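**Q**
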Amino acid sequence: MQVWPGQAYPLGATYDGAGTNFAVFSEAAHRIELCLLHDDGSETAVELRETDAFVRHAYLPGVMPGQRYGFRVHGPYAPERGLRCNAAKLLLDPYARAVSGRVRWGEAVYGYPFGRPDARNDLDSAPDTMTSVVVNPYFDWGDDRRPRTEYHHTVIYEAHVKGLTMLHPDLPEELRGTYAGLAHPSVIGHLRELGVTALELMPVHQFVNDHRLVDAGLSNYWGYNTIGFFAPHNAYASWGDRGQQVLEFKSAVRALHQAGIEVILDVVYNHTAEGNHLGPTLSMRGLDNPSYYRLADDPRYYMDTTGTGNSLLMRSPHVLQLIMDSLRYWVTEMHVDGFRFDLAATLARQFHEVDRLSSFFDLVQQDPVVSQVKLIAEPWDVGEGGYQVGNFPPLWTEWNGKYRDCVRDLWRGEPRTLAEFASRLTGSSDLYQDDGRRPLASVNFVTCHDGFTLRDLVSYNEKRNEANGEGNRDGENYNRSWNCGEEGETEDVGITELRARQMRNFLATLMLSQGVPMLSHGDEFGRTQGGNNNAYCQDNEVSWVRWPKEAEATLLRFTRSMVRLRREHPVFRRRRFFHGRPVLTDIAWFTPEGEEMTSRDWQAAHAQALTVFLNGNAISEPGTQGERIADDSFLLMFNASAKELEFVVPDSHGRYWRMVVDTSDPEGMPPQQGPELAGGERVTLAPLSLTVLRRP
Amino acid sequence: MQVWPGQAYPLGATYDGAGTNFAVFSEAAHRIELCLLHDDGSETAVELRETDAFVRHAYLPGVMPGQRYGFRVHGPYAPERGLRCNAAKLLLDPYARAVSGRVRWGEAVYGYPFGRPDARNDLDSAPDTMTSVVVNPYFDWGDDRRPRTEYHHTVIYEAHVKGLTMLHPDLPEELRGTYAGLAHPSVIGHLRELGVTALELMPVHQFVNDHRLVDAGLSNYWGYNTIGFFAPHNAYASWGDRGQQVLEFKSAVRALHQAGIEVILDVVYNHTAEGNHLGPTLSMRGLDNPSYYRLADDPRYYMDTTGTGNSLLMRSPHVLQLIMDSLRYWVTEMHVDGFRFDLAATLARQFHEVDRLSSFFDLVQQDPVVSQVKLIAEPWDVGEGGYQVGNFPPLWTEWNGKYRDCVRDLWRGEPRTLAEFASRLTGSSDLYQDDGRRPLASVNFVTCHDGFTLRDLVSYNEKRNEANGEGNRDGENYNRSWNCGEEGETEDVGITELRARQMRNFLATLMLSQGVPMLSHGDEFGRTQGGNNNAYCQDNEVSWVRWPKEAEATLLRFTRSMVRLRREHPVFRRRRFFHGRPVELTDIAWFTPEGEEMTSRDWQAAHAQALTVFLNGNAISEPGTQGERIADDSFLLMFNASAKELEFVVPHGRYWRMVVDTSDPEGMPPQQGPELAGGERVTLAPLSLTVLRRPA
Ligand SMILES: Nc1nc2c(ncn2[C@@H]2O[C@@H]3COP(=O)(O)O[C@H]4[C@@H](O)[C@H](n5cnc6c(=O)[nH]c(N)nc65)O[C@@H]4COP(=O)(O)O[C@H]3[C@H]2O)c(=O)[nH]1
Ligand SMILES: Nc1nc2c(ncn2[C@@H]2O[C@@H]3COP(=O)(O)O[C@H]4[C@@H](O)[C@H](n5cnc6c(=O)[nH]c(N)nc65)O[C@@H]4COP(=O)(O)O[C@H]3[C@H]2O)c(=O)[nH]1
């Protein structure tokens, strides 16, 4: 038999050489039973009797990795009390390091009769449920140098595990769309060729194909609907789901870490794949409903702060413990370099309000494992006071959703005051400066997985989510986009070259900006999604990354060479805001004709032209060793006008500035040199074009 | 000036091989300078310029360990807002891994002019102040097996580092009263001889003798008045103060851990040694006052839920981080095994009420370093809603204040504490069963550092603290004690035996009571504080532990034999609660002195001071380390707190053996006894105990 009492910590199934020590949390269970599934669907149940601080535990020697296991909570069923415990269902371990199988959708996985939401389901769950697996924690990272690339050298590349590699004509068939293929040399090379220093992996926690999707012809692609917070996703693993998916991810990191490539993965802690009531009872519903999920004034129904069914209680210690244990386990055992938190406002909702003194923030700021890895937050959620951009604690880094909306409104041509675009270029002073932050707190991005891609952003006015199954009712409605004259694809040479160069504008404005640049995957080649902007369920050629074999490889070498500029020239990645008001003047703003803009020229309604001077000799920032940082002085000239404009170079005839970037050109100016301008001489600059000059 | 920007983590002086990095937090400091002290007192200031998330820092190559340093925080001095920043006072390092020197009490360590509280003082504090020192973290714990003694084997021995060894006629005079003398073989041999598994260490966090106390002829001895949250008290060091005292501690833990004795130390996190205003500016008054201390509804004045000057803000993320970074520093760097939190209800006061969902409770519960060590609490503060015995989370253990009073009462004679004393032997079923805890969650104790020692407990009716300088106003006013005929020293052998046998009565009940016991240092030799019940300032023979050279060595072998009787028989240290009756095995049954099971009427019969308890050694419904069953001889405990003799009956056919008797003056847990029939009547003296041991 061999049922030893074991230990209470750590939570989950841990392989201590000769056996495995199990420990799960439930304060609302009279009895808890542990099931040991075999390869034929037989359950060898064991009662974890030894409770300690509402966590029941036991050590069962002989149990080893590959053991399919799960729990069955004997507890009250009373939605009136908030409890939905059911022994009939096979509950997943929240602390499971690897989950096997898919959810086979049926009336059994749900925990309530399909006609009576307050009755109780007595159907066995195991033959249709996912199944948590014990994992051997061993891995020999030889020299896993965490390439601790600082914020002022970081190029974040948002990408998917599957879409990035799925259609790659260099990975053998098996590896396309897996973690293993993500480690391939032709992808790491591409990533190292493109200049990225951080890789953002769209949700990699094990997530569930939604029932509403499976019974609609679709699947869950993005993966922002998760149940296994410690489990690499089994469907992204070509090495098996019997606890061998973690072996890929670890090896996927080590291969990536060898090339000086960081891994910052996208975490979704705000909600769970169990949805609201009327959803499935899979992992945490049956264990402890009241202290895992945020229930409403009527405990039957669920408080939502994400619009997606449920939301976790951020003040119950066993929920905070699960997230800190989740983060760290991905830091120190998966060697993940950082996290992009999803809708991170919900994580700071202690009772109702968004608190920046909330216990979650208190925890993260102090723990020596998480507080040092790159902490990125999506600074909003769909509750009251949901817009919190510029209110997270000064440790954090935020998605500048105001950079997206301000830049997409500049190149679109709207009367977005230049003084609204000029602080987004300076790196969002108005949002972060008083908070005690630096420009690197702003993660700038012209496009991400949400909204249009880059090609869709310069080709479509309104969304095209008909094929999502919701009558075009999902995604952002107006995306500050402009089709460039005709919506959809078109053979018009004028519309084509305009779109191909509007894209150039977006990537050029992004790199010359201050803070952290971010690229959505595919925009290097011009990835299209056919007007679809919220492709959470488009798991097909719509969201795959097509790979190039001329125009798509004109924009490619353009973008790479634009990254070289930001890298090579530290003026574009400064550690602290310019001031330059009274004395060296580290920034200056002149009009096209060549005079310093005035308070009246600045925010006058219809003005769409700028010249920006960036003083490379006024970087009062020490390097790593107190080394004073130098760089050539640059002259960025923006023309958001519909017309051809005449820009004067405002220094003197004394000196010479060489043009190094010019959006207008069809061959690509960031990868191709050009003429050097006199210094008082007039330079005609095409409509919706950009230009940069360089001088030491 | 080789000054590199350095890192912002961790806070404090860390030695990176080539040099040392300093990082300090202040969110209301415009300019922070790093003063580096020399041996002729001259300073060498350098700006910690690099402000990152309100943590200013720098790294200085070549700066070796032993360097005396400190921060001077230029900022606002305005007590109407709560700011007492003073760039004249040499602020300590809240993360000082060793603090040298002592406070020379003068008008210069005080930050304000003595006659005017809210004015400004520009007196240099440098020489009159302690100094935070850089420490080299190396120490070779070759094979330092943390003796992770279980919870149901612990015997806590609360000791002070100085009194334990200042008067031991075996250490060299160098080592009397220091950390090294605490780990001499003659001491660890005694703790081994006594059977303890834990050494509760009265505060070693480096503290300051109060100005209040030093202009009186006295000196703070206990040390519950702390500034150094990372340093060992330099006045306990025989090896030096320039960072060398940290070695004393690390090597004093190495020795105790080799002989298998754990380290539990007394932490004081609720309050600081700067007290309220009118007091010094040493570490946190001048660093960032409003974010460190819990301020009033008038920022000039300090909230005080402790009565010791001030209280700490348990909601500012950077005070909880200072606690945690301290907590994890004594386990991960100095190999401590647990902490006793003092006034631990103040730690949970997040705003006003004692919140068991306070961030602090959610921080300890989660952290892998601190949730695993022994978490012992003193569950009360003097503030409103202070007494919270039985209300801490289930992860926590408490000093059972309702045990101490109710056993002090019983042997004192009060006609109430029988049904109450019963549960206190049961393990305080009232206070802990429903909370989800075990009998072990209650630290039982009759006497501690507070109140009377055990000899004073039976030799005084009221306090005698005139020597403390507050005219007998401090401490407990009634401590639930009895003088046994005469208060003070007598020679009547009738009283003296009653005292020496009363001392046997508590220790007997303490080692036979369910849960975790605690021994105050010196109650083996019958230590006497001369009636001083609150001796926090008596750093003299009053609290010095007197080592014995006839009666003193009789009670000694009494206690040691009782702590064994706990060890060798697990019933007195059970791991679950009793249930008494299989409604449809009987593991406990209470009998009358007459010899019949009691009745709910006869239980709460007011006039009753006699008892017979049965314990079933064969009905321990608990597993063992390897699923085994626990087996034991069954015991029969006979309490007579009556003023006279009462004939006690054994419940007929079998035999029983008498193992414990308080009455006979040779001491009879080390002295073998007769065999009692099983129906026979037995005479039990007034205020005495008896235990029977037929094997089951
Ligand atoms: N010695 C010293 N000089 C100080 C200090 N604070 C400001 N200065 C000087 O005064 C300017 C104003 O700084 P700010 O208004 O806080 O506005 C600051 C702040 O927004 C940001 N910044 C610069 N360095 C840091 C830093 O290390 N950490 C953070 N968090 N922000 C920084 O850049 C702004 C100004 O950059 P600068 O070109 O440095 O211009 C700074 C610098 O000239 C200080 O505490 N000590
Ligand atoms: N920390 C901790 N404390 C424990 C544990 N088990 C018992 N205790 C405490 O000790 C009491 C004695 O339990 P019992 O003698 O087994 O008498 C128990 C036992 O026979 C049964 N029982 C209670 N819980 C369980 C359980 O989870 N499994 C099984 N099989 N029986 C249980 O019902 C009785 C009443 O249980 P309680 O009301 O809780 O009464 C329990 C509870 O107060 C434990 O695993 N951990």
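Going down the list, the sequences are from chains G and A. Each residue of the first sequence is one higher than the one before, counting from 41 in my numbering. Each residue of the second sequence is one higher than the one before, counting from 7 in my numbering. Backbone N, C-alpha and C define an ideal beta-carbon position, used for all residues, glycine too.
(1) Going straight from the alpha carbon of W587 of chain G to that of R380 of chain G, what length do you get?
(2) Pick helix, strand or coil for residue 704 of chain A, following the three-state DSSP scheme.
(3) Distance check for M517 of chain A and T689 of chain A, CA to CA, integer angstroms please.
(4) Determine the chain A residues that contact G257 of chain G at a beta-carbon separation under 7 Å, and present them in chain order.
(5) Taking all protein chains shown into account, do 16 or more other C-beta atoms lie within 10 angstroms of the C-beta of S82 of chain G, making it buried, or fewer, making it exposed?
(6) Helix, strand or coil, according to DSSP, for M677 of chain G in the structure here?
(7) Where in the region 463-505 of chain G do unbroken runs of the beta strand (DSSP E), each at least 3 residues long, occur, reported from the N-terminal end onward?
(8) Kindly indicate which three-state DSSP category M699 of chain G falls into: helix, strand or coil?
(9) Report the residue from G:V308, G:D255, G:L231 and G:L241 whose alpha carbon sits nearest the alpha carbon of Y264 of chain G.
(10) Looking at chain G, which residues of the region 170-202 of chain A have a Cβ within less than 8 Å of any of its Cβ atoms?
(11) Buried or exposed for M41 of chain G, going by 16 or more other Cβ atoms inside 10 Å?
(12) Scan the region 575-600 of chain A and note each continuous alpha helix (DSSP H) run of 4 residues or more that stays entirely inside, going in chain order.
(13) Using CA atoms only, rank isn't needed, just tell me which of G:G59, G:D79, G:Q406 and G:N126 is closest to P101 of chain G.
(14) Is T91 of chain G near ligand 4, with its Cβ less than 7 Å from a heavy atom?
(15) If you draw a straight line from the C-alpha of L369 of chain A to the C-alpha of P323 of chain A, how long is it?
(16) Threshold first: 3 residues or longer. Then list the beta strand (DSSP E) segments lying entirely within the region 28-56 of chain A, N to C.
(17) Whole angstroms is fine: what's the gap from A128 of chain G's alpha carbon to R325 of chain G's?
(18) In chain A, which residues lie with their C-beta within 7 Å of the C-beta of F401 of chain G?
(19) For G18 of chain A, go through chain G and note every residue whose CB falls closer than 7 Å to its CB, in chain order.
(20) Just reading off the beta strand (DSSP E) that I416 of chain G is part of, what are its end residues?
(21) For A388 of chain G, name the three-state secondary structure that DSSP assigns.
(22) Based on Cα-Cα distance, which residue from A:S448, A:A506, A:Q439 and A:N538 lies nearest to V464 of chain A?
(23) Based on Cα-Cα distance, which residue from A:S669, A:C41, A:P119 and A:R62 lies nearest to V140 of chain A?
(24) When the distance is taken between beta carbons, is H277 of chain A closer than 8 Å to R152 of chain A?
(25) So with CB distances below 9 Å, who are the chain G contacts of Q439 of chain A?
(26) How many whole angstroms separate the CB atoms of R103 of chain A and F235 of chain A, which I take to be in contact at a CB cut-off of 8 Å?
(27) Grouping DSSP H, G and I as helix and E and B as strand, with all else coil, what is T549 of chain G?
(28) Tell me where the beta strand (DSSP E) around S729 of chain G begins and ends.
(29) Nearest to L328 of chain A by alpha carbon, out of A:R570, A:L17 and A:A702?
(30) So is the beta-carbon of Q47 of chain G under 7 Å away from any non-hydrogen atom of ligand 2?
(31) For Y99 of chain G, does the count of other Cβ atoms within 10 angstroms reach 16, so buried, or fall short, so exposed?
(32) Of all the CB atoms in chain G, is at least one closer than 8 Å to the CB of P296 of chain A?
(33) Is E87 of chain G a contact residue of ligand 2, with contact defined as CB to any heavy atom under 7 Å?
(34) Nearest CA to the CA of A350 of chain A: which residue from A:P374, A:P296 and A:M320?
(35) Between which residues of its own chain and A295 of chain G is the CB-CB distance below 6 Å, once the five residues before and five after are set aside?
(36) Say the cut is 7 Å; is the CB of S468 of chain G nearer than that to a heavy atom of ligand 1?
**A** Considering the structure as presented:
(1) One C-alpha to the other measures close to 26 Å.
(2) Any question about residue 704 of chain A goes unanswered here, given that chain A covers just 7 to 702.
(3) Distance between the alpha carbons of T689 of chain A and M517 of chain A: 23 Å.
(4) In chain A, no part has a C-beta under 7 Å from the C-beta of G257 of chain G; the shortest such distance is about 42 Å.
(5) When all chains shown are included, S82 of chain G counts as exposed.
(6) Here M677 of chain G carries a strand assignment [DSSP, helix/strand/coil].
(7) Here the runs fully enclosed are 482-484.
(8) Residue state, collapsed to three classes: strand.
(9) Of the listed residues, the one whose Cα sits closest to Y264 of chain G is G:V308.
(10) When C-beta distances to chain G are compared with 8 Å, every residue of the region 170-202 of chain A stays at or above that value.
(11) That one is exposed.
(12) The DSSP assignment places no complete run of the alpha helix (DSSP H) inside the region 575-600 of chain A (cut-off: 4 residues).
(13) Nearest option by C-alpha distance: G:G59.
(14) For the structure depicted, ligand 4 is absent and the ligand set comprises only ligand 1 and ligand 2.
(15) When rounded, the distance between both Cα atoms is 11 Å.
(16) Counting whole runs of 3 or more residues, the region 28-56 of chain A contains the beta strand (DSSP E) stretches 37-43 and 51-53.
(17) Cα to Cα, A128 of chain G sits roughly 13 Å from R325 of chain G.
(18) Within chain A, the residues placing a beta-carbon under 7 Å from that of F401 of chain G are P323, ordered along the chain.
(19) Within chain G, no residue comes near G18 of chain A; the closest Cβ sits about 12 Å away, beyond 7 Å.
(20) Element bounds for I416 of chain G: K414 to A417.
(21) In the structure shown, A388 of chain G adopts helical secondary structure according to DSSP, grouped into three states.
(22) Ranking the options by Cα distance to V464 of chain A, first place goes to A:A506.
(23) Minimum Cα distance to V140 of chain A is reached at A:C41.
(24) No.
(25) Ordered by position in chain G, no residue passes the 9 Å Cβ test against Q439 of chain A, which lies about 12 Å from the chain.
(26) Incorrect: roughly 10 Å between the Cβ atoms, too far for contact.
(27) In this structure, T549 of chain G counts as helix in the three-state DSSP scheme.
(28) For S729 of chain G, the enclosing beta strand (DSSP E) has its first and last residue at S729 to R735.
(29) Of the candidates A:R570, A:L17 and A:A702, the one whose C-alpha sits nearest the C-alpha of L328 of chain A is A:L17.
(30) No, since every heavy atom of ligand 2 falls outside the 7 Å radius drawn around the Cβ of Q47 of chain G.
(31) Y99 of chain G comes out buried.
(32) No Cβ of chain G is located within less than 8 Å of the beta carbon of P296 of chain A.
(33) With a cut-off of 7 Å, the C-beta of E87 of chain G is classified as near ligand 2, since at least one heavy atom of the ligand falls inside that distance.
(34) Of A:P374, A:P296 and A:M320, the residue nearest in Cα terms is A:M320.
(35) If we look at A295 of chain G and ignore the five residues flanking it on each side, its Cβ neighbours are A223.
(36) Relative to ligand 1, even the nearest heavy atom lies 7 Å or more away from the CB of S468 of chain G.
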